[PDB]
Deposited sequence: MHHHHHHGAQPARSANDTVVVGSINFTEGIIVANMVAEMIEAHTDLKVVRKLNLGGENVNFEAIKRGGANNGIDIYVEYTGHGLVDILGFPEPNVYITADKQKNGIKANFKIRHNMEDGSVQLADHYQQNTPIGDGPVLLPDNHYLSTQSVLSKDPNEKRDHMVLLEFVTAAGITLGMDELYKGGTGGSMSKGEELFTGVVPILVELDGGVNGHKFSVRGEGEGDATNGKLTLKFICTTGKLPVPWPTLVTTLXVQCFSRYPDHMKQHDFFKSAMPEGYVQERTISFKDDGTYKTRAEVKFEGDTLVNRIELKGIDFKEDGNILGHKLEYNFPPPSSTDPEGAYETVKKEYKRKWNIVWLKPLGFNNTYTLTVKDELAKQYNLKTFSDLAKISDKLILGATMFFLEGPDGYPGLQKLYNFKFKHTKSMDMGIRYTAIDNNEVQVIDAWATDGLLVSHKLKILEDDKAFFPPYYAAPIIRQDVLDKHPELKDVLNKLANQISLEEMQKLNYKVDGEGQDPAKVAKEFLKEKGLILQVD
């Protein structure tokens, strides 16, 4: 008759699902369940489970795959979106790097990038596309200087299915020399990197050494600054490779890297051929940095995010793998619903304009008004990035909180609203969810997760909580959330009755 702590945030769905977990544990084990309400941040349950029931924490809670992937692990290494900068005869790029910290924090680094050809020869000005990079950081146990070994795989994509003279310089393996002279808050340092790039495979192998003693910043903060000419452009996208077309004269790459709540890097680099060697010479100035912050205090983990989702189940397997390795938290089987953020329209408008996807809406955005939450319109991963990816051009966008957007779309003041996919008010307001076809919002698959040691003390918990696998669909979770948010039913009572009518608990 041991006790385990199940945690829940003060949100309808969270309370319902934690009550379900609790009732399953108590119905199939001799264990007592302590239901702990956690109030606060988005990872309040994550810190509660890292603490554990032994120290006023929790042992089990229902986590979401996308939340863990994005805000705790900083998964996928961003797809770097590249656009033509016609005024500069070059390209622009913006992206976010998410540096991991040991405690589950994420240091954001917003990257703004300008590339301009060095010579006056013609270059490829690309259609909008992206470069996907997978970076692996490692160490040479025989190297006593501050150093980083970097292995990178870059592939171009974003365009559905002969070459410049500069790409002819990339048919084989090209030696790479990288020189960085940097100053961060007055701390001067130099980095020299030697290696080789192979653009036909998109592979980069480099060894960077701080030649001036200890590096005052963490090595991953410099990975993006310390050779996109070595990206692998598939045969149908080679006309969009600005970087190779600018060779051998090369290009100037300038970047502003804004570390959220910390200083900024401003980098200017010349990327060019010298002899056979592709040389990247960089000047870096870092300013406004807290000397005890994540960057100057060396609080970032020595890694880059693990590789992307080639398998549509590899997202969940990635959170499982990383949570077990870093904090010994076991991800159990998913509950079965994807509580992703979404745009919804009244179903009759969707039927009138044959709307099923976000891009169908983006083709008609200029006619429609968007009434959304501040959470959506102002989130660093909300409406800005969604608009840039879909080129949303809504007639107006109105900030509507405190129930205003629901009544607004009901009264046709607004035609599109943001919502959680399991919002209980969606069906009662005859609203249709549209599919994020470009996958801007991460899938949010709910799955119980448990400390590994708690599972060692009571190994029966895995099966008892996996009895809920694929047992709650999006529609079922919607109906229960409506049972709590439309009618005033008790979340514990709604949960217990759902589990009873599905036969998941033995009572009665």
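Deposited positions without coordinates, collected into consecutive stretches in sequence order: According to the deposited record, C-alpha coordinates are absent for 1-15, 177-188, 254, 537, which together make up the missing parts.
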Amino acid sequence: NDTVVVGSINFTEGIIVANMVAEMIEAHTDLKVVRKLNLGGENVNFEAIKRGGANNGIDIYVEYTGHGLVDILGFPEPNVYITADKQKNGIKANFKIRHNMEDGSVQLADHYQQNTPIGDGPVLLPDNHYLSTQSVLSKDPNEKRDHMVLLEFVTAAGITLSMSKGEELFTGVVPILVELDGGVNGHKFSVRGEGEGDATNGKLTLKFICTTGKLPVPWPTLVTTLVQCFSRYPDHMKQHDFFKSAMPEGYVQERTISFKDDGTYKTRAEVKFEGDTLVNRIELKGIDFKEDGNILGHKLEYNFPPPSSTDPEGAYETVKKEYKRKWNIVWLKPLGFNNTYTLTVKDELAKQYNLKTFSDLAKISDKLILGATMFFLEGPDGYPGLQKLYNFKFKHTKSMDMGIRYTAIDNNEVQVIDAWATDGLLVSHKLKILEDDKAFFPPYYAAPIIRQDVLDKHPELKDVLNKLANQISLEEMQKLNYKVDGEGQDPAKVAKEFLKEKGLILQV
From here on, numbers count along this sequence of modelled residues.
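Identify the stretch, either 120-128 or 327-335, whose C-alpha atoms have the larger mean B-factor according to the entry. Averaged over C-alpha atoms, the B-factors run higher in 120-128.
On average, which has the higher Cα B-factor in the deposited entry, 52-60 or 442-450? Averaged over C-alpha atoms, the B-factors run higher in 52-60.
Options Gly197, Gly403, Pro216, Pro312 - largest CA temperature factor per the record: Most elevated C-alpha B-factor of the set, per the entry: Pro312.
Based on what the PDB entry reports, which of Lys299, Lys266, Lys244, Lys92 has the top C-alpha B-factor? In this record, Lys299 carries the highest C-alpha B-factor of the candidates.
Going by the CA temperature factor in the PDB record, which third of the chain does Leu506 belong to: lowest, middle or highest? Its C-alpha B-factor, which the entry lists for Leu506, ranks in the highest third among residues of this chain.
Chain thirds of CA B-factor: placement of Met20: Bottom third by C-alpha B-factor.
Among the modelled residues of this chain, does the Cα B factor of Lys272 put it in the lowest, middle or highest third? Middle third of the chain for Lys272's C-alpha B-factor.
Select lowest, middle or highest to describe the third in which the CA B-factor of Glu322 falls within its chain in this entry. Middle third, going by the recorded CA B-factors of the chain.
Among all modelled residues of this chain, ranked by Cα B factor, put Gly14 in the bottom, middle or top third, i.e. lowest, middle or highest. CA B-factor rank for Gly14: lowest third.
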